[PDB]
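Trainee: One structure follows; several queries about it will come next.
Just so you know, all these numbers are worked out from the coordinates, no wet-lab data involved. No Cβ is skipped: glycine too gets one built from the backbone with ideal geometry, and neighbour counts run over all protein chains shown.
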RNA sequence: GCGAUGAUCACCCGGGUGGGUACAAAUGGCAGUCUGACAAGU
RNA sequence: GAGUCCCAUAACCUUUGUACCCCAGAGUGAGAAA
């Protein structure tokens, strides 16, 4: 049998064995959101179904294998997820937070949005918000406080989006996880120098960075910046 | 034609239609929406060119979705009749795809336009 | 034409096998991991074990770096050669897919000759043989 | 004397149960889209068909309606209060009046098959007593009816030896180491009853 | 409360050793990594 | 007096702030760190709860647009008694709208206030009594779907999953209605075995049992509505010379129930057929005009979604339903099929000889065009105009293709 | 206080593994959705 | 140009769940208990 083991971050597991993969417990057993493999293992014994997490599809997953020291996503926390193209990555985040936590999924495009709504019924803890993240005042009613703000929006003005939402919705000392694509911002200069600018931009916005991770080999010219929100 | 997006300017459209004509002569061009849709599935398309003037424009609106999934650049040119003459056929062609061939004699020109199309997107 | 159909079908089968096979594996990350520290003295005294609160060998394990708190029947050499085989199998999937692509291209190049048109054989110094069609619109 | 009625009613009793299950499963899905939770609330498929027949559109929620649906089955399970609360709040997307029309009409169809199946099950039991009272009394009306079907006719069953009759029902365990002995002992006594019935 | 005795500091440290050598077996050797890493890059490229 | 306008999925909460210029103090973060301090500084003025989801969606959309809802008006109407009071409103747009109402309120929206909404909404569940965190989190989930459906313009008349279930269900009805008919031949056949050889239609067979229960009744029973003249006399003659034995009323009553069950199964199968047509006429009508509802529905089901079929090239739509012969042929280097599932389209049937192969190619290509307009059109009209024009081109192509004669004249 | 109205006839540590028959499910596998510019008339 | 017509509306294999089995079959044919 595959030996599921705990991992440094709560809510994350590795089905270690002959074939070893990152894995999360399924919130809605008996179905896969996007065709990933599913593994169930008996624990005293009761079988608990799990879902495989593919790094190449989710950048949050690509962060884990890099060995991110601190992720503010953990069981029983409210999380704000920006740029919810579909449930490829949101479902896994919903798994980590668990029933006590909630996930506020924000998306703009209509066509992916209907896919996102199709999943949110299966996951009660996910609150889908189809709206543009550049005007957070629109969906202020539907969102509580959130311990973490994780953003995958690939926009040249993403830094503004984080600041606006974080000012409104992020708790003090909360989490901020940002996915940066160097090509979208400035393709002329090397991927490193683009990231240094984005770090500096966050600091002006009262966000203290903690650590930086490049996501090779999973994708090229991408990096995740993890910071904490110092309002004081 | 607001749905057609991105839409190449006058300067770019010339460069695209120059690559299309060179592609057709070397038999490195697939013509029509239904051929292009296949090469995405087989993953041999360098990039896809499209005719904004098509009515009803939706008949080529499936390809942009495939392109985003497969990460293939695409671009819209303002007139379908021009594209047909660019390809080297008698009829209106609403979409075209340049096949991948790293040994081709016009590889450098294909990449140059592909780089510009990516920027536009 | 039927040969092109047969060869393309085999190529498509292997792309799906390669896609499924790649998903099963996990690939160790290879990326820089910068840490930000406010005070220059904190920078000079920085030690990975202290920051991560792990034994030194656990620091170098990127996927599952466990803080010292968490730390508190198959022969492995056999489990290894099997894991290496599983990786060895996916590359053979990539190779058979690539070979079927080259065969499918050369066969396509021939079928273009069979079709109607005016063409000239151009030979490079390296000896590569290519055909350039004349600029004649198709009726 | 005719026993072909027994062979044929049994062939209906199983087929109805297969269909009543299958169609009821489709009532579950169709009404599941409009409101998935109730499928979890009332696992009993027959009750779900009846309950769906009453709560067509979940927006219709009245204390009087709560009493009505409370009358359906019992409030001991608490489903009556649960349904109103989940009815007020759910992710079920509302479906058209035409789509609602088929679910109830299709649900009405499943009701008829169950009601007819119950009516038939009485008919078989009545006929088994009148045809093979000895065999029916020994093992049962339904099981004895099945055994008559395996042998092909009450006459064929009686004509068979005791050892053959044991294996006639050995694929469905009709008659069923100490356990084995009672089966074979019971197997003979079935042949004894069959002969009395047939001649 | 940071009230470890020296003996307390010794028993815990053995666990750190104990579980580590256990995960070392699942964490696996270095040599096979040498061939495994070479196969890995081939797939990714 | 100082007032704070707060919007919640439960509804609208108004909060009287003790200090008139709380928005002008620079230590708000410290002042409001704890629930007690927020409770002490802010007291509920009037809370009008949201009665139903339909009201909730209407009220929410007003906030998104920044309009003052009547609910907001009425709750604001109550507090007018305070002359010269200050209202603190989260967004400028809503503040301007309230400022246009002419109330006796000094409406304030400033960056300083963001601290206050931050603190209040952090401790909202404690601030609001009777509502638990789970209830608030749940009702937001329902409201988020309700607003999500509106923004996406989800319409109950445009869900393809009803097609997929309907067509799968329709096939099952045919088999189950078939088997019950085979037996109702057998079971009533024991009484009267000659019927089936005369009458083959199942519904016709069942309706006979209802009108006459017994061969005796065959003499006076009239079967004109069920059977023509020459057939009905046949069963009358066969009734008297029948080989089968008499049955009890107990058997007859139960066989009637089966017979009554056949006709009901026939009627509903028609009802589902019309319903499927109505669904296909609203979800992809341009396809329906061209290929037809029955062939149209099967095409959607086979791919699994209307969108998935849209992404398919025209060729695959030609040979959709014959993968087995296709992929067998491709691997064995033999010629591939032509028709797939489209063979049952009406236009292909009208064609003859090799024209069927060409029409399948023409109809499939035009099938994709009509389909991609159904699936991916934002403001599609429920008219089917594009298909009808496509239907003309196929009909013209069929005429000239068929008009040709291979034989020399 | 019997019987011809029918006697007789795999593994491992109270527990776990192996095998066998029937039914249901799987967004599990086999498994990869044909070609692509001429054709018809005088 | 080109096999709908060997049910991709399907067959077979794997996994899970449910209900059972670990005897012989044209089964043997006078013992069993003491």
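Trainee: Of the residues A:170, A:213, A:142, which is more than 28 Å from residue A:33 (Cα to Cα) and within 11 Å of another protein chain (Cβ to nearest Cβ)?
Mentor: None of the others qualify; the one that does is A:170.
Trainee: Taking the stretch C:80-139, which residues are within 30 Å of residue C:19 (Cα to Cα) and touching a strand residue (DSSP E or B) at 6+ places or on another chain (Cβ under 8 Å)?
Mentor: Correct list: C:109 only.
To keep it simple, each residue is scored yes or no on (1) in contact with a helix residue (DSSP H, G or I) (Cβ under 7 Å, 6 or more places away or on another chain); (2) within 15 Å of RNA strand G (Cβ to nearest atom); (3) within 14 Å of chain B (Cβ to nearest Cβ).
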{"site": "F:344", "(1), (2), (3)": "yes, no, no"}
{"site": "F:353", "(1), (2), (3)": "no, yes, no"}
{"site": "F:360", "(1), (2), (3)": "yes, yes, no"}
{"site": "F:365", "(1), (2), (3)": "yes, yes, yes"}
{"site": "F:372", "(1), (2), (3)": "yes, yes, yes"}
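Trainee: While we're here: Go through (1) over 25 Å from residue B:40 (Cβ atoms); (2) crowded, with 18+ Cβ neighbours inside 10 Å; (3) within 6 Å of RNA strand H (Cβ to nearest atom) one by one and return the number of the condition residue F:322 breaks.
Mentor: (1)
Trainee: Considering (1) more than 10 Å from chain B (Cβ to nearest Cβ); (2) more than 8 Å from RNA strand H (Cβ to nearest atom); (3) farther than 21 Å from residue B:39 by Cβ; (4) surrounded by fewer than 14 Cβ atoms within 10 Å (Cβ to Cβ), say which one residue F:378 fails and leave the rest.
Mentor: Among (1) more than 10 Å from chain B (Cβ to nearest Cβ); (2) more than 8 Å from RNA strand H (Cβ to nearest atom); (3) farther than 21 Å from residue B:39 by Cβ; (4) surrounded by fewer than 14 Cβ atoms within 10 Å (Cβ to Cβ), the lone unmet condition for residue F:378 is (1).
Trainee: Can you find a residue that is away from chain F (no Cβ under 14 Å), within 15 Å of RNA strand H (Cβ to nearest atom), assigned to a helix (DSSP H, G or I) and crowded, with 20+ Cβ neighbours inside 10 Å anywhere in the stretch D:125-135?
Mentor: no
Trainee: Can you list the strands (runs of 3 or more DSSP E) lying wholly within the stretch A:143-232 that have 3 or more residues being surrounded by fewer than 21 Cβ atoms within 10 Å (Cβ to Cβ)?
Mentor: A:170-181, A:207-214
Trainee: Give the residues of the stretch F:295-319 that are away from every other protein chain (no Cβ under 14 Å) and more than 9 Å from RNA strand H (Cβ to nearest atom), sorted by residue number.
Mentor: F:295, F:296, F:297, F:299, F:300, listed by residue number.
Trainee: So, in the stretch F:150-164, how many residues would count as being surrounded by 18 or more Cβ atoms within 10 Å (Cβ to Cβ) and either more than 28 Å from residue A:108 (Cα to Cα) or touching a strand residue (DSSP E or B) at 6+ places or on another chain (Cβ under 9 Å) (or both)?
Mentor: So the answer is 2.
Trainee: Determine, yes or no, whether residue A:68 is away from RNA strand G (no atom under 16 Å from the Cβ) and facing chain C (nearest Cβ under 9 Å).
Mentor: yes
Trainee: When you scan the stretch E:10-24, do you find a residue that is more than 19 Å from residue C:59 (Cα to Cα) and either touching a strand residue (DSSP E or B) at 6+ places or on another chain (Cβ under 7 Å) or surrounded by fewer than 15 Cβ atoms within 10 Å (Cβ to Cβ) (or both), even just one?
Mentor: Yes; the residues of the stretch E:10-24 include at least one that is more than 19 Å from residue C:59 (Cα to Cα) and either touching a strand residue (DSSP E or B) at 6+ places or on another chain (Cβ under 7 Å) or surrounded by fewer than 15 Cβ atoms within 10 Å (Cβ to Cβ) (or both).
Trainee: Got at least one residue in the stretch C:106-115 being in contact with a helix residue (DSSP H, G or I) (Cβ under 6 Å, 6 or more places away or on another chain), within 16 Å of RNA strand G (Cβ to nearest atom) and more than 29 Å from residue A:62 (Cα to Cα)?
Mentor: Yes, because at least one residue in the stretch C:106-115 is in contact with a helix residue (DSSP H, G or I) (Cβ under 6 Å, 6 or more places away or on another chain), within 16 Å of RNA strand G (Cβ to nearest atom) and more than 29 Å from residue A:62 (Cα to Cα).
Trainee: For the stretch B:1-96, list the strands (runs of 3 or more DSSP E) that sit wholly inside it and hold at least 2 residues that are away from chain F (no Cβ under 14 Å) and surrounded by 20 or more Cβ atoms within 10 Å (Cβ to Cβ); which are they?
Mentor: Those strands (runs of 3 or more DSSP E) span B:45-51, B:74-77.
Trainee: Is there a residue in the stretch F:171-182 that is over 30 Å from residue D:98 (Cα atoms) and more than 36 Å from the chain's Cα centre (by Cα)?
Mentor: Within the stretch F:171-182, not a single residue is over 30 Å from residue D:98 (Cα atoms) and more than 36 Å from the chain's Cα centre (by Cα).
Trainee: In addition: Which ones in the stretch F:174-194 are more than 16 Å from RNA strand G (Cβ to nearest atom) and within 9 Å of chain D (Cβ to nearest Cβ)?
Mentor: Listed by number, the residues that qualify are F:180, F:183, F:186, F:187, F:190.
Trainee: Within the stretch F:397-409, how many residues are outside any loop (DSSP other than H, G, I, E, B) and either exposed (fewer than 11 other Cβ atoms within 10 Å of the Cβ) or within 13 Å of RNA strand G (Cβ to nearest atom) (or both)?
Mentor: Number of matching residues: 6.
Trainee: Got a sec? Which of F:309, F:294 is within 21 Å of residue F:388 (Cα to Cα) and near RNA strand G (Cβ under 9 Å from one of its atoms)?
Mentor: Unique residue meeting the criteria: F:309.
Trainee: Separate question: Among strands (runs of 3 or more DSSP E) lying entirely in the stretch C:28-139, which contain 1 or more residues that are within 11 Å of chain A (Cβ to nearest Cβ)?
Mentor: C:33-35
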